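Before any comments, here is the structure.
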Amino acid sequence: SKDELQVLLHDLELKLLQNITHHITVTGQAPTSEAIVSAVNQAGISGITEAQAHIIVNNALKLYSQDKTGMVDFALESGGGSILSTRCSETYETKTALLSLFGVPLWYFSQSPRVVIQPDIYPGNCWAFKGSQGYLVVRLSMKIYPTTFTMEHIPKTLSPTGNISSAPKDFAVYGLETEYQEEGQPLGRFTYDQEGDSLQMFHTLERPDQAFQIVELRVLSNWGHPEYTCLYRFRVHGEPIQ
């Protein structure tokens, strides 16, 4: 069926993306055209050319073009961070067309808020909530003075119409002393810029007076999508208590 098809192409793309991501993480470079030919072959399609592989790699680099820093991420799940799901907006499921590694649009499905704290970024692998206002609360792996936040979204070059209207725009960040604190300490108000890079960093105006192990992200608006907002990744940086 056409569904099974879109699924298999999605899984094929993901294999290639995981390959490329792994290689960049370890070596700091994209793999050669030849390694890509080989990975495509392992995934079950032989006879890809070098020119085709080079196109696949440049398409991948549309997404992985910033060499990101080694700033420790205390929200990252595999580092011990976790979502306090009871305090997030209700998940809203979406199906969105994005430009794939293969140059054609594919269907992608948004997921649960746990994707917000998974490593790296992958097309369509975002958490959607309904409307343009939402809440996410993350328990950090360590108690820290939070000093910097990173928000990531896919670039417009992955949209078949060069458009990311469902991306977060205005947001605010709060430190929560406990899981029940209704009103948290304001850590900052920022705006994700649809004219900026995929990965964007946001710094507190001052070093906070207090350290937190719980952080609340409030998305206050989006870039114009009438039905929902899509959040890909949120990272939390700072200094552990001494």
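Where a number appears in this text, it was derived from the coordinates with a stated rule and is not lab data. Cβ: placed from backbone, ideal geometry, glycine included. Neighbour counts: every protein chain shown.
Structure values in brief
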read-out: Per-residue Cβ neighbour rank within 10 angstrom, fewest leading, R189, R218; value: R189, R218
read-out: Cα point-scatterer Debye curve for the stretch 150-224, base-10 log of I(q)/I(0) at q = 0.19 Å⁻¹; value: -0.81
read-out: Dipole in debye (nearest 20) - the chain, about Cα centre, beta carbon charges: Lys, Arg +1; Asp, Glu -1; value: 140
read-out: Leading residue at positive end of dipole, the chain (Cβ point charges), from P226, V137, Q242; value: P226
read-out: Mean Cα-pair separation over length for the chain, i.e. relative contact order, pairs under 8 Å, 6 or more apart, %; value: 23
read-out: Rg and Dmax of the stretch 62-242, Cα atoms only, in Å; value: 15.7, 51
read-out: Which of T157, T94, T229, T191 has the fewest Cβ neighbours within 10 Å, and the rest in rising order; value: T157, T191, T94, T229
read-out: Computed [θ] at 222 nm, deg cm²/dmol, the chain (DSSP H ≥ 4; -39,500 (n - 2.57); rounded to nearest 500); value: -7000 deg cm²/dmol
read-out: Dimensionless Rg over Rh [the stretch 1-132; C-alpha; Kirkwood]; value: 1.00
read-out: Cα lying deepest toward the dipole's positive end in the chain, options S1, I36, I154, charges on Cβ; value: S1
read-out: Length-normalised contact order of the stretch 101-242 in % [C-alpha pairs under 8 Å, at least 6 apart]; value: 40
read-out: Amide H contacts of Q213 (H built 1.01 Å from N, under 5 Å, at least 5 apart or other chain); value: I144
read-out: Net lengthening on full extension, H22/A43 (0.36 nm per residue, minus Cα-Cα); value: 5.9 nm
read-out: Environment charge of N19, counting only residues whose C-beta is closer than 14 Å and scoring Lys/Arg +1, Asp/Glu -1; value: -3
read-out: Global geometry of the stretch 1-61, whether rounded, prolate or oblate, following the gyration tensor of its Cα atoms and the 1.5 cut on a/c; value: prolate
read-out: Rounded Å value of the spacing that divides the Cα centres of the stretch 64-100 and the stretch 164-240; value: 12
read-out: Phi to ³J(HN,Hα) by Karplus 6.51 cos²θ - 1.76 cosθ + 1.60 over the stretch 89-104, Hz, x for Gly, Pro; value: 5, 5, 4, 10, 7, 10, 10, 10, 8, 10, 5, 8, 3, 8, x, 8
